[PDB]
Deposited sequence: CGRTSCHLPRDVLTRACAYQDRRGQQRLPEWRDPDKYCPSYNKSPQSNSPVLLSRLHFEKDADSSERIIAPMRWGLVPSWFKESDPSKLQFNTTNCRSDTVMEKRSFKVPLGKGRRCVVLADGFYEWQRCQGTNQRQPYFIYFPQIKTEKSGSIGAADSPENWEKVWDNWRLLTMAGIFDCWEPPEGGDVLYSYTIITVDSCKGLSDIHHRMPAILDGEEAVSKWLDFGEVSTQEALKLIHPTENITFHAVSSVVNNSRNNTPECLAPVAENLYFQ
């Protein structure tokens, strides 16, 4: 799970993230670094994607059930990394297996500080391996949706964003600069629905109960939080063209059916 779509204009994304805090107040998440939001049909690791995180990570004495939305770097850069440039990292932090997460140096420390985030996406791409061919079929995978320029605009207004369990860390560049916020997406075993595409899938949080508990490092311990991490069958997909393959291709044809 090393590609996503996140193409929505920023205000349309923000209205799709309407939530209720613990007191039942209908809110929209507050932005940090909105200028780093770069919408694209074709997001790879080392790009920025919007994530939800608890207000309490940014504001002292905050309601931990309130939400911030911020761009973060896809590919976790641990706090301790010593080189000048994030891209010199000699290990893969695009994903984080759920089974091993407590034993992994890169993920344990930040998960232990409550650095739990929710990665937003239209949906994600997976490439299917088939016996005795090097050819790979790309699929676009997304939450079931409520079933022409008027058809398109209506669908994307009423789109249910995919909400994926992530962990994030903060890194002060040694040479100097703004603190880097970076995230990994947690993986689990694929469900029956997806098993013929790929043996591994992102940890999907299905519904506002699950999203809220994962965000709320105020009231919800790591042990309680890890119980939300599992496959889901509440998932659909269709085959897409080879246009997605090259990350430089940012167009609607990326997630168009064939």
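Residues of the deposited sequence lacking C-alpha coordinates, counted from 1, fall in the stretches 148-158, 270-276.
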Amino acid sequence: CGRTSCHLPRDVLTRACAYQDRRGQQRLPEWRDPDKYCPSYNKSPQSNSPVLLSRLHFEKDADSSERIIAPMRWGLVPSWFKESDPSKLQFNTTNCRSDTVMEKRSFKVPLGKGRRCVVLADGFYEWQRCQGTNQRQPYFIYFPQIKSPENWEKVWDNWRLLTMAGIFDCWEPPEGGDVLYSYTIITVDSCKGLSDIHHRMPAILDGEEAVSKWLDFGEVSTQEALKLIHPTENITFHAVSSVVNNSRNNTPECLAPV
From here on, numbers count along this sequence of modelled residues.
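Here the rigid core means the biggest group of C-alpha atoms that line up within 1.5 Å when the two forms are laid on top of each other.
Between stretches 183-191 and 87-95, greater average Cα displacement in 4 other deposited structures of this protein relative to the shown form, fitted by the core, falls on 87-95. Two stretches, 172-180 and 76-84, are weighed by how far their CA atoms sit from the shown form in 4 other deposited structures of this protein after rigid core superposition; the farther one is 172-180. Modelled in this chain, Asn151 is nonetheless absent from a third or more of the other compared entries whose models extend past it on both sides.
Taking the mean C-alpha B-factor of each stretch as recorded, 149-157 and 87-95 are not equal, and the higher mean is that of 149-157.
As recorded in the PDB entry, 100-108 is the stretch of 164-172 and 100-108 with the greater mean C-alpha temperature factor. Among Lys43, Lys213, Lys227, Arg27, the highest C-alpha B-factor in the deposited entry belongs to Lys227. Set against one another, the Cα B-factors of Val51, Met201, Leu205, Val220 in the record reach their highest point at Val220. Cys38 sits in the middle third of its chain by CA B factor, as recorded in the PDB entry. Per the PDB record, residue ranking by Cα B-factor puts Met72 in the lowest third of the chain. Among all modelled residues in its chain, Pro138 ranks in the lowest third by Cα B-factor. In this PDB entry, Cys117 carries a Cα temperature factor that places it within the lowest third of its chain's modelled residues.
The deposited CA B-factor of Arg32 belongs to the lowest third of values across its chain.
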